[PDB]
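S.K.: Handing you this structure, nothing more for now.
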Amino acid sequence: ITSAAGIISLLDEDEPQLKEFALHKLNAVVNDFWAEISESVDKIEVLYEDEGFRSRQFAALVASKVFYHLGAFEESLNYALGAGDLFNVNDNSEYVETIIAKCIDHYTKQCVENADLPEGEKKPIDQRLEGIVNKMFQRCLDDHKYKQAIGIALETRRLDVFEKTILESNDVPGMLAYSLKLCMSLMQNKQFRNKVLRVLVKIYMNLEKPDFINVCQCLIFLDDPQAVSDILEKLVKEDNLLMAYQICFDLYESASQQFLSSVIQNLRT
Amino acid sequence: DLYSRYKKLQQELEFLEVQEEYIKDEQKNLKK
Amino acid sequence: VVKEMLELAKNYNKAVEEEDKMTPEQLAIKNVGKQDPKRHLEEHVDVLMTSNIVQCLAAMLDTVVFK
Amino acid sequence: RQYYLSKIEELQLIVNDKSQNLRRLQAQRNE
Amino acid sequence: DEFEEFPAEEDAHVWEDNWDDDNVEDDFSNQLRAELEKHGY
Amino acid sequence: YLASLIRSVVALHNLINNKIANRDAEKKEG
Amino acid sequence: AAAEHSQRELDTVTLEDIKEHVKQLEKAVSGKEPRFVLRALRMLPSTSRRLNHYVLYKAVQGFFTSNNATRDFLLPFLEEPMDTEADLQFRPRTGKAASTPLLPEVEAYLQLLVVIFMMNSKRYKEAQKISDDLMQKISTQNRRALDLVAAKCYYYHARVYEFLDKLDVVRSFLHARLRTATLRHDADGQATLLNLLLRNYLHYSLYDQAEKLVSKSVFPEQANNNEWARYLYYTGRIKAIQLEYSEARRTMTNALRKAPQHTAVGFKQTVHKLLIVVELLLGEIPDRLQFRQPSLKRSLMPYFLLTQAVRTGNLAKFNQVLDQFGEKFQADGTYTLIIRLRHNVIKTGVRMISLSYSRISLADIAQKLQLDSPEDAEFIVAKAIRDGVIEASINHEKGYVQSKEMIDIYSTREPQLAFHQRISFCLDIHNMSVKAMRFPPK
Amino acid sequence: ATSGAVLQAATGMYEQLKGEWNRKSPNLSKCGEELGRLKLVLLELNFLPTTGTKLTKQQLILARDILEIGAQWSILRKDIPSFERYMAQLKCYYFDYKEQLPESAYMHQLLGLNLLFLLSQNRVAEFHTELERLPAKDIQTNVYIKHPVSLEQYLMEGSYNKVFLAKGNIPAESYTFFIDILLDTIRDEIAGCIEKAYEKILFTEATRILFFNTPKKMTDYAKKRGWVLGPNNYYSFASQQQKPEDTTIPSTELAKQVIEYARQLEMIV
């Protein structure tokens, strides 16, 4: 019936195998017995703290489960990260869902903090949280639509995973266009917006038939007169003309006077 | 979609916060 | 103030318990004279509570500051 | 997906309560 | 909100009776008579 | 304490009145 | 037939009520305000009764009717009438509305109604499966407006399994549901789930785990008054069994105060019985108005006899009282507390002596409490001075119990503390009232 | 096969352990080592229903009796943590699986020993919580649980002399060990009783109150508990009660409370 929790007594012995069995049983029945399992807490805490225990990963997993049931999210995430492999990779259960959600929230906060102060002073990020976030990125990429992955990447800086999702199967460049608009009108960090525009201009240029109109709009946002001048000169050298004329008209319509003067001077030379 | 919804909700929450602060300050001034 | 508020509470009792529904929206407008309901009501509550709170806080500040 | 759903629903509850509170304060200030 | 979870399971006296009424003791006349007799000697 | 009780009663009465007004308006809407 | 036509009319009025409730649920989801779902659930208990086979048959024919699994699931469990002459097509959703899937809240409400009908029909097994299906489909949903109906369905599922005389196949699943509700920040659902978990533990005597759960979990303050009363009763039993007599008395008095005016007789009966037992243990003779009440008189008669025996101090009367109604006390789940009273009776006498006398001699107190020797009286009196029952100080030099001299409480600080608590409550009530204010959108 | 061989060997060394224990001189070290190795083998076998298959009953009784033997051996060694661990492990077998496993009079004996242990450790609340588990029929019928219940009831109404006189109702030596522990606990509680209630006492009467047959024991209490001796050999407890807080107005705390009132008043919300 499992109406009692004497397994903690097994946790209290000295033989490591008995401790491992007690931990296994606790994790097997921890979904229902948090009420009394929480009070022991320190008994399983010492198991992870000690580096000589054979199954420290399972101890970390059980501690994370108990703390998640108790409601303490910070220590639950800490201990879930402490555990390896089986800690969260199962990505199947509700506990896994909540732990991964909290992990992504913590990682995004850390990423924003690091981006704010990235000149070597950025706080180090544990490889465990980074791995969990990367696994979440891969899952959201290979599972279904990649827009959610594009959103998470933008949230956590991480322009590398963002560039990849845009250039991955991606279905269509309509998603690259969706990314262009979202960064355009739904962003507030000028440096981060400029970095996103750099990535979206590189992706545009690498396309088989480049979207010159959108690339020039991004360039005018990014204040890169030399790039636009070189693009126009190369397009003229490539004998396109009509695209050059439309691109020039759009540039004049939206670009500033100083930008236009810089482009004019670049073309003249 | 989902990301746009999330960020639009965040912006709406911030705008509501600023509106609430404005309303509270104006209520104090109106009491004076 | 407490005695006058007791009289005013009697009046508020009479006004609310009546709750005449003969177009109550019109009743609230045909008896508007700066009277019992709230004007001579919690106005006095505010006066009393402000005075008492200020006096008590000053007394405690004196008990602490001066010895 | 479900993470987005949870975040969006929390923000929606907060925004609904905040909007109603804003309307209430608006009426108080009108009076 | 009937709490059906908890099952809902001479002395037709209209007057409220406190605990002291239930107490059983000799009528006051007997007590007073006995006390007077015992203090008479 | 008496002032606090009076204030609480007045606030509760105002809340009741506002709730009844909202319910009446909603009912008269349809 | 006359009775048949009257039943048909009542069914049609109930159908109108359910249509109104579903419209309220849709308006609530549109406005994201629980008020409407709360009112639907409030009307739910009334609709729970006065329902026959044709009622739910017509409800399912009109609502849903999309050839969905629900119609092929509950209908095989509920009979179907013939071709009714008044074949009024109760279809709130017309054309496009019918094509659109039923709203998750509205469909959950309909499933809850059918489950309630199965309960009232004693179709324990069929209600079992229907509840599992509805619970599973509501588990996937994550809309906040669905959480209140989810709590109601959770409670009714636990009730159906309780009639299943198992109440253990539900333990882990309700634990998980309560934990998820706590994660989601839901209030009503977690409230009902915590109350039901405590009820299951109290049924199966797992007191220690229930105490651990109550200590760790935190009950939301903004919960239903009835749910608060149930939780108070459960916590009162937990505390009373655990020797926290004063806290048990306070909590159960609060639960009685928060009971639903005159709606639940049995809850009042049980609360009164347990409060009488706990107060008798604590040394206070309970009020006679409880025993004199009309609904609680026969139920509490054995407790009235027990209180008589305790006050009079006749241990023999206590023994004969246990002999007659001992099995009744057991079936009420208070026999152990009654035995504790049987061996703690002396506390009431000591408390009465403390109230009456101020400098009672040890020999005289021993004589009055029919103790054998004065030294036993000294031991008992000191134990009482700890037990929070007396406030005296034995002077063993001359062997008299000197009760503490009463002091002017007003000139002390306690009145300030009481006024602070009351003023804080009043200000909080005002803040809560002005906080919602339900101001409509212009 | 494998499980069958393991369980047959389990029965074998269980018989060996029973032979070792039933001897008039069940050597402490040998019995403890055998119990530890049997605990390891049992961990190998099982400690929880877990799987839904019909677990071999015989293995269930084997584990139950090995647990009972270990618990009953614990009291001899006077290792309270061992007794606590064994009871924690053994209550699950006792209660959860009553519907299949048989019940022995040793079950009453172990339950009574647990009740006595709880009473001795002053865990009265846990005492009653556990006592609720036992069916009301055996509350008064079974002697093994009646003795701890009777002693707790006597302690409830200050019939301390009754407790000391009834100490001779012990049905087992394991009962006698915890009865001595309970006597020590009652002595501590009585020393308190003289502490808090009385304002002064005398050594001659204090020794009788605390049930000391030698003044050296009361002197040890004066050393262990540090009871201030009086000028006329009267222990003074006046330093305990005292009358603080009745002379100095809090001033600051009530100022904070009134400022809180003002805050809640002038707050716009």
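Numbering starts fresh at 1 for the residues of each chain in the structure tokens, the chains themselves are lettered A, B, ... in the order given, and ligands are numbered from 1 as they appear.
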At a cut-off of 12 Å, using only C-alpha atoms, what residues contact residue 173 in chain G? Leave out same-chain residues fewer than 2 positions from it and give the result as number ranges by chain.

M.R.: A: 31-32; G: 132, 135-136, 139, 154, 157-158, 161, 167-171, 175-180, 193, 196-197

S.K.: For a quick test of understanding: name the residues of chain F lying within 12 Å of chain H when counting only C-alpha atoms, and present them as a PyMOL selection string.

M.R.: chain F and resi 1+3-4+7-8

S.K.: Residues of chain D near chain A: apply a cut-off of 12 Å, count only C-alpha atoms, and supply the list as a short mmCIF file (atom, residue, chain, number, x, y, z; two decimals) with N, CA and C atoms, in the first residue's frame.

M.R.:
```
data_model
loop_
_atom_site.label_atom_id
_atom_site.label_comp_id
_atom_site.auth_asym_id
_atom_site.auth_seq_id
_atom_site.Cartn_x
_atom_site.Cartn_y
_atom_site.Cartn_z
N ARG D 1 6.62 24.60 -26.17
CA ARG D 1 5.28 25.13 -26.33
C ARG D 1 4.61 25.39 -24.99
N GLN D 2 4.56 24.36 -24.15
CA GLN D 2 3.85 24.48 -22.88
C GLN D 2 4.47 25.56 -21.99
N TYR D 3 5.79 25.76 -22.10
CA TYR D 3 6.43 26.86 -21.38
C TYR D 3 5.87 28.20 -21.83
N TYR D 4 5.74 28.40 -23.14
CA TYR D 4 5.13 29.61 -23.65
C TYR D 4 3.69 29.74 -23.15
N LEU D 5 2.95 28.64 -23.14
CA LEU D 5 1.57 28.70 -22.67
C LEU D 5 1.50 29.15 -21.22
N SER D 6 2.36 28.59 -20.36
CA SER D 6 2.35 28.97 -18.95
C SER D 6 2.70 30.44 -18.78
N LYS D 7 3.76 30.89 -19.46
CA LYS D 7 4.15 32.29 -19.34
C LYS D 7 3.04 33.21 -19.82
#
```

S.K.: With a cut-off of 10 Å and counting only C-alpha atoms, select all residues of chain H in contact with chain B and give the selection as a list in words.

M.R.: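 The complete set of qualifying residues is residues 266, 267, 268 and 269 of chain H.
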
S.K.: For residue 8 in chain H, find every residue with an atom within 12 Å (counting only C-alpha atoms), except residues of its own chain fewer than 5 positions away, and show them as a count of residues only.

M.R.: 12

S.K.: Need to verify the contact set: residue 12 in chain D, 9 Å, only C-alpha atoms, exclusion of same-chain residues closer than 3 positions in sequence. Can you return it as a ChimeraX atom specification?

M.R.: /B:9,13 /D:7-9,15-17 /G:32

S.K.: In Å to one decimal, how far is CA of residue 184 in chain G from CA of residue 141 in chain G?

M.R.: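 One can read the CA of residue 141 in chain G to CA of residue 184 in chain G distance as 11.9 Å.
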
S.K.: If you take only C-alpha atoms and a cut-off of 9 Å, which residues of chain H touch chain A, and what are their nearest atom pairs and distances in Å to one decimal, in chain and number order, as CSV?

M.R.:
```
residue,atom,partner,partner_atom,distance
H:39,CA,A:18,CA,8.6
H:40,CA,A:18,CA,7.2
H:43,CA,A:18,CA,7.0
H:47,CA,A:25,CA,8.9
H:48,CA,A:2,CA,7.6
H:49,CA,A:1,CA,7.8
H:50,CA,A:28,CA,8.6
H:81,CA,A:9,CA,8.8
H:82,CA,A:9,CA,8.7
H:84,CA,A:9,CA,7.4
H:85,CA,A:9,CA,4.3
H:86,CA,A:9,CA,7.3
H:87,CA,A:6,CA,7.5
H:88,CA,A:6,CA,3.8
H:89,CA,A:6,CA,4.6
H:90,CA,A:6,CA,7.4
H:91,CA,A:4,CA,7.2
H:92,CA,A:4,CA,5.6
H:95,CA,A:3,CA,8.0
H:96,CA,A:1,CA,4.9
H:97,CA,A:1,CA,6.8
```

S.K.: For the residues in that selection, give me N, CA and C atoms as an mmCIF file, in the first residue's frame.

M.R.:
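Saved to result-v6.cif:
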```
data_model
loop_
_atom_site.group_PDB
_atom_site.id
_atom_site.type_symbol
_atom_site.label_atom_id
_atom_site.label_comp_id
_atom_site.auth_asym_id
_atom_site.auth_seq_id
_atom_site.Cartn_x
_atom_site.Cartn_y
_atom_site.Cartn_z
ATOM 1 N N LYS H 39 20.522 -8.108 6.233
ATOM 2 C CA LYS H 39 19.950 -6.875 5.705
ATOM 3 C C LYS H 39 20.399 -6.640 4.273
ATOM 4 N N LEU H 40 21.681 -6.880 3.991
ATOM 5 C CA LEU H 40 22.159 -6.759 2.616
ATOM 6 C C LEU H 40 21.436 -7.738 1.696
ATOM 7 N N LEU H 43 17.880 -6.491 1.102
ATOM 8 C CA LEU H 43 17.942 -5.448 0.085
ATOM 9 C C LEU H 43 18.042 -6.065 -1.295
ATOM 10 N N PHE H 47 12.116 -4.780 -0.508
ATOM 11 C CA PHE H 47 11.635 -4.053 0.662
ATOM 12 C C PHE H 47 10.324 -3.313 0.421
ATOM 13 N N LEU H 48 9.657 -3.529 -0.712
ATOM 14 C CA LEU H 48 8.457 -2.788 -1.073
ATOM 15 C C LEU H 48 7.728 -3.564 -2.155
ATOM 16 N N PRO H 49 6.395 -3.635 -2.101
ATOM 17 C CA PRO H 49 5.649 -4.312 -3.172
ATOM 18 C C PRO H 49 6.086 -3.868 -4.559
ATOM 19 N N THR H 50 6.076 -2.560 -4.811
ATOM 20 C CA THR H 50 6.571 -2.030 -6.074
ATOM 21 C C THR H 50 5.830 -2.645 -7.255
ATOM 22 N N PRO H 81 19.117 4.703 17.927
ATOM 23 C CA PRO H 81 18.968 4.922 16.480
ATOM 24 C C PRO H 81 18.704 3.641 15.714
ATOM 25 N N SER H 82 19.312 2.530 16.130
ATOM 26 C CA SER H 82 19.042 1.257 15.474
ATOM 27 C C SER H 82 17.580 0.866 15.623
ATOM 28 N N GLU H 84 15.045 2.895 16.115
ATOM 29 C CA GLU H 84 14.246 3.802 15.300
ATOM 30 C C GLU H 84 14.287 3.398 13.834
ATOM 31 N N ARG H 85 15.478 3.082 13.323
ATOM 32 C CA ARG H 85 15.601 2.673 11.929
ATOM 33 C C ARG H 85 14.823 1.393 11.663
ATOM 34 N N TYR H 86 14.931 0.416 12.564
ATOM 35 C CA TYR H 86 14.228 -0.844 12.362
ATOM 36 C C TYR H 86 12.719 -0.642 12.375
ATOM 37 N N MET H 87 12.210 0.169 13.303
ATOM 38 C CA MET H 87 10.773 0.418 13.333
ATOM 39 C C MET H 87 10.320 1.164 12.086
ATOM 40 N N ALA H 88 11.118 2.126 11.621
ATOM 41 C CA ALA H 88 10.762 2.834 10.397
ATOM 42 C C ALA H 88 10.685 1.873 9.221
ATOM 43 N N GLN H 89 11.626 0.932 9.146
ATOM 44 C CA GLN H 89 11.611 -0.043 8.061
ATOM 45 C C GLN H 89 10.456 -1.027 8.213
ATOM 46 N N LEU H 90 10.045 -1.299 9.451
ATOM 47 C CA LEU H 90 9.173 -2.431 9.727
ATOM 48 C C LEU H 90 7.700 -2.052 9.817
ATOM 49 N N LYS H 91 7.391 -0.777 10.052
ATOM 50 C CA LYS H 91 5.995 -0.359 10.105
ATOM 51 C C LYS H 91 5.307 -0.564 8.762
ATOM 52 N N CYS H 92 6.036 -0.362 7.664
ATOM 53 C CA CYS H 92 5.450 -0.591 6.349
ATOM 54 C C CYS H 92 4.972 -2.031 6.217
ATOM 55 N N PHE H 95 1.827 -2.669 8.612
ATOM 56 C CA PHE H 95 0.533 -2.041 8.364
ATOM 57 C C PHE H 95 0.076 -2.147 6.914
ATOM 58 N N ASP H 96 0.956 -1.850 5.955
ATOM 59 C CA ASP H 96 0.534 -1.808 4.560
ATOM 60 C C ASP H 96 0.044 -3.169 4.079
ATOM 61 N N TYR H 97 0.730 -4.242 4.472
ATOM 62 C CA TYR H 97 0.461 -5.575 3.952
ATOM 63 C C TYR H 97 -0.224 -6.481 4.969
#
```

S.K.: Show me a table, sorted first by chain and then by increasing residue number, of the residues of chain D having an atom at most 12 Å from chain H, each with its shortest atom pair and the distance in Å to one decimal, counting only C-alpha atoms and written as CSV.

M.R.:
```
residue,atom,partner,partner_atom,distance
D:21,CA,H:269,CA,9.0
D:22,CA,H:269,CA,10.5
D:24,CA,H:269,CA,9.9
D:25,CA,H:269,CA,8.1
D:26,CA,H:269,CA,11.8
D:28,CA,H:268,CA,10.1
D:29,CA,H:268,CA,10.6
```

S.K.: If we count only C-alpha atoms and set the cut-off at 10 Å, which residues sit around residue 141 in chain A, ignoring sequence neighbours fewer than 3 positions away in its own chain? Please answer as a list in words.

M.R.: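 Selected residues are residues 135, 136, 137, 138, 144, 145, 146, 147, 148, 149, 150, 161, 164, 165, 168, 169 and 170 of chain A.
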
S.K.: Pull C-alpha atoms from the residues just selected and write them as a compact mmCIF listing (two decimals), in the first residue's frame.

M.R.:
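Saved to part_26.txt:
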```txt
# COMPACT_ATOMS: atom_id res chain seq x y z
CA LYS A 135 18.88 20.49 -25.43
CA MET A 136 15.65 22.48 -25.19
CA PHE A 137 16.69 24.41 -28.30
CA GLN A 138 17.37 21.20 -30.20
CA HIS A 144 7.82 21.21 -34.55
CA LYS A 145 7.69 24.78 -35.88
CA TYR A 146 10.90 26.70 -35.24
CA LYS A 147 9.30 30.05 -34.34
CA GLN A 148 9.40 29.17 -30.63
CA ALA A 149 13.09 28.35 -30.96
CA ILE A 150 13.61 31.74 -32.72
CA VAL A 161 21.18 29.13 -32.22
CA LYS A 164 21.00 28.28 -37.18
CA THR A 165 17.18 28.05 -36.82
CA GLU A 168 18.02 25.19 -40.72
CA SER A 169 15.29 23.37 -42.66
CA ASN A 170 13.28 26.47 -41.56
```

S.K.: Between CA of residue 31 in chain H and CA of residue 72 in chain H, what is the distance, to one decimal in Å?

M.R.: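 CA of residue 72 in chain H lies 11.3 Å from CA of residue 31 in chain H.
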
S.K.: From the set G:241, G:353, G:308, G:228, which residue has the shortest atom-to-atom contact distance to residue 340 in chain G, counting only C-alpha atoms?

M.R.: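 Answer, going by the shortest atom-to-atom distance: G:241.
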
S.K.: Find the residues around residue 35 in chain A up to 12 Å (only C-alpha atoms counted), leave out those fewer than 3 positions away in its own chain, and share them as a ChimeraX atom specification.

M.R.: /A:4-5,29-32,38-41,66-71 /G:175,179,197-198,207-218

S.K.: Taking only C-alpha atoms into account, which residues of chain E are within 9 Å of chain G, as number ranges by chain?

M.R.: E: 1-9, 16-19, 22-23

S.K.: I'd like to know which residues of range 24-254 of chain A are helix (DSSP H, G or I) (by DSSP, run on the backbone); could you write them as a PyMOL selection string?

M.R.: chain A and resi 24-28+34-40+42-49+56-70+73-82+85-87+94-116+127-143+147-155+159-167+174-185+190-206+212-222+225-237+242-254

S.K.: Report, in Å to a single decimal, how far apart CA of residue 254 in chain G and CA of residue 271 in chain G are.

M.R.: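 Distance reported for this atom pair: 10.3 Å.
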
S.K.: Which residues of chain B have any atom within 8 Å of an atom in chain A when counting only C-alpha atoms, and what is the closest pair of atoms for each, with the distance in Å to one decimal? Order the rows by chain and rising number and write it as a Markdown table.

M.R.:
```
| residue | atom | partner | partner_atom | distance |
| --- | --- | --- | --- | --- |
| B:1 | CA | A:147 | CA | 7.3 |
| B:2 | CA | A:148 | CA | 6.6 |
| B:3 | CA | A:151 | CA | 5.1 |
| B:4 | CA | A:182 | CA | 7.4 |
| B:7 | CA | A:186 | CA | 7.5 |
```

S.K.: Put those residues in a file: N, CA, C and O atoms, as a PDB file, in the first residue's frame.

M.R.:
```pdb
ATOM      1  N   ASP B   1       4.520  34.183 -33.213  1.00  0.00           N
ATOM      2  CA  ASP B   1       3.254  33.816 -32.592  1.00  0.00           C
ATOM      3  C   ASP B   1       3.366  33.808 -31.072  1.00  0.00           C
ATOM      4  O   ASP B   1       3.040  34.795 -30.411  1.00  0.00           O
ATOM      5  N   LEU B   2       3.826  32.683 -30.520  1.00  0.00           N
ATOM      6  CA  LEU B   2       3.920  32.560 -29.070  1.00  0.00           C
ATOM      7  C   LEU B   2       4.893  33.579 -28.487  1.00  0.00           C
ATOM      8  O   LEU B   2       4.596  34.218 -27.471  1.00  0.00           O
ATOM      9  N   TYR B   3       6.062  33.744 -29.112  1.00  0.00           N
ATOM     10  CA  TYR B   3       7.019  34.733 -28.626  1.00  0.00           C
ATOM     11  C   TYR B   3       6.473  36.146 -28.769  1.00  0.00           C
ATOM     12  O   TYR B   3       6.624  36.977 -27.862  1.00  0.00           O
ATOM     13  N   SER B   4       5.837  36.440 -29.904  1.00  0.00           N
ATOM     14  CA  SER B   4       5.227  37.751 -30.086  1.00  0.00           C
ATOM     15  C   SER B   4       4.136  37.990 -29.052  1.00  0.00           C
ATOM     16  O   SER B   4       4.035  39.085 -28.490  1.00  0.00           O
ATOM     17  N   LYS B   7       5.855  38.729 -25.621  1.00  0.00           N
ATOM     18  CA  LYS B   7       6.459  40.052 -25.502  1.00  0.00           C
ATOM     19  C   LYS B   7       5.407  41.155 -25.555  1.00  0.00           C
ATOM     20  O   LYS B   7       5.552  42.187 -24.888  1.00  0.00           O
TER      21      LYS B   7
END
```

S.K.: Report as a ChimeraX atom specification all protein, DNA and RNA residues lying within 10 Å of range 43-52 of chain C, evaluated on only C-alpha atoms, omitting residues in the same chain fewer than 2 positions from it.

M.R.: /C:1-2,4-5,8,38-41,54-58 /F:1-7 /H:258,261-262,265
